[PDB]
Amino acid sequence: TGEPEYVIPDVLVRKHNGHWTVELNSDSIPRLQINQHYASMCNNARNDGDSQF
Amino acid sequence: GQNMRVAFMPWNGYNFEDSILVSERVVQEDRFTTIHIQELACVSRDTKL
Amino acid sequence: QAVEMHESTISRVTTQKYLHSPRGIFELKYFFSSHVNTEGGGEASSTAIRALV
DNA sequence: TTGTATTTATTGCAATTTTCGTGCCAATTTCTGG
DNA sequence: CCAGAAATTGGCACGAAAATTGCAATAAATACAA
């Protein structure tokens, strides 16, 4: 009983058009963003504490 | 299908309620024998070990 | 020297990173090895010598 | 015309530890002539 | 067949080289006020 364990690669190396090419694994590359809704209220009209925060 | 020599009559209750009585000569001549093909697959993968 | 960085950065980057190649999955640190001298002035990697043994 | 507060742009040096190859030699296994 | 001799192996050592980790806050370009 039991199944083998695997590992997700971070870098992929292939041979395209006779040349060895290297790329990152798009299925595991970390990424982030900026919340536009929260960042749209950075104005001096509101309280200064909110602005500095 | 196949061309079958048929008669319309009751035979001792063996064609009761849409039952069909078939001769042994039909079986011996392989007139309704069929071929079935099945596929199986084995996959060898790469592990960390 | 090839990428114009410090070997500390190269050491940190290649830690616990995996690469997928047609030959299999290899840790990025698998490609660094010692060597033993070869007649003719060349060098032979210890990985190649282990495979030959 | 300039002097200054603000926003991007900075992913290396230097100890310290760990690993490398190869020699010395005792314990262990194998070979050979009388 | 036997006992001496030769070959094998791996533990410890030693110098050197390679890899790992601690350090924690600045420097320069840009826009604005007299």
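The chains referred to below are lettered A, B, ... by the order of the sequence lines, with proteins before strands, and numbering in each begins at 1. All values below were derived from every heavy atom in this structure, side-chain atoms included, with hydrogens, water molecules and symmetry-related copies excluded.
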Taking all heavy atoms of [X] and all of [Y], pick out the closest pair and write down the distance.
{"X": "B:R45", "Y": "A:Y6", "value": "CD-OH, 4.1 Å"}
{"X": "C:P22", "Y": "A:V13", "value": "CD-O, 3.4 Å"}
{"X": "C:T38", "Y": "C:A44", "value": "OG1-CB, 3.3 Å"}

What integer distance in Å separates [X]:[atom1] from [N]:[atom2]?
{"X": "C:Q16", "N": "E:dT20", "atom1": "CD", "atom2": "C1'", "answer": "13 Å"}
{"X": "C:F32", "N": "E:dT20", "atom1": "CZ", "atom2": "P", "answer": "9 Å"}
{"X": "C:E43", "N": "D:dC20", "atom1": "CD", "atom2": "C1'", "answer": "14 Å"}
{"X": "C:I49", "N": "D:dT22", "atom1": "CD1", "atom2": "P", "answer": "9 Å"}
{"X": "C:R12", "N": "E:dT20", "atom1": "CZ", "atom2": "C1'", "answer": "8 Å"}
{"X": "C:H35", "N": "E:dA17", "atom1": "NE2", "atom2": "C1'", "answer": "10 Å"}
{"X": "C:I10", "N": "D:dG12", "atom1": "CD1", "atom2": "P", "answer": "8 Å"}
{"X": "C:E7", "N": "E:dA19", "atom1": "CD", "atom2": "P", "answer": "7 Å"}

Self-check item: C:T9 side-chain N/O to D:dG12 phosphate OP1/OP2 under 4.0 Å
Solution: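 It does, given that an N or O in the side chain of C:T9 lies less than 4.0 Å from OP1 or OP2 of D:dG12.
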Mind telling me the pucker class of [N], north or south, from the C1'-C2'-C3'-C4' torsion?
{"N": "D:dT18", "value": "south"}
{"N": "E:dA16", "value": "south"}
{"N": "E:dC12", "value": "south"}

Practice problem: Using a 3.5 Å upper limit on both distances, decide if E:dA28 and D:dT7 constitute a Watson-Crick or G-U wobble pair. | Solution: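 A pair, by the stated definition.
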Would you confirm whether the neighbouring bases [N] and [M] count as stacked, given the thresholds of 5.5 angstrom between ring centres and 30 degrees between planes?
{"N": "D:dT7", "M": "D:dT8", "value": "yes"}
{"N": "E:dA24", "M": "E:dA25", "value": "no"}
{"N": "E:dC12", "M": "E:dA13", "value": "yes"}

Quiz prompt | Complementary nucleotide for D:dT11 - Watson-Crick or wobble, under 3.5 Å | solution =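 By the stated definition (distances under 3.5 Å), nothing pairs with D:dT11.
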Practice problem: Just name whichever nucleotide pairs with D:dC24, Watson-Crick or G-U, keeping both distances under 3.5 Å, else none. | Solution: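 Pair assignment: D:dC24 / E:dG11.
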Practice problem: Looking only at side-chain atoms of C:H6, point me to the closest of D:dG21, E:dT20, D:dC13. | Solution: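 Selected nucleotide: D:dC13.
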Quiz item: Is the base of E:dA24 syn or anti, where syn means the angle lies within 90° of 0?
Solution: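 In terms of base orientation relative to the sugar, E:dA24 is syn.
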Quiz item: Any side-chain heavy-atom pair from C:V36 and C:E43 closer than 4.5 angstrom?
Solution: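 C:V36 vs C:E43: side chains apart.
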Exercise. Answer yes if B:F32 and B:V22 sit in the same cluster of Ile, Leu, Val, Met, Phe, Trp and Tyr residues linked by side chain heavy atoms under 4.5 Å apart, and no otherwise.
Key: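 Yes, because B:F32 and B:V22 connect within a single hydrophobic cluster, where side-chain heavy atoms sit under 4.5 Å apart.
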Quiz item: Across the strands shown, which category fits C:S8 at heavy-atom distances under 4.0 angstrom: base, sugar-phosphate, nothing?
Solution: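 Base: the residue C:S8, judged by heavy atoms under 4.0 Å, touches a nucleobase.
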Exercise. Indicate whether the side chain of B:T34 and that of B:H36 have a donor and an acceptor atom separated by less than 3.5 Å.
Key: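 Per modelled atom types, B:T34 and B:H36 side chains form a pair under 3.5 Å.
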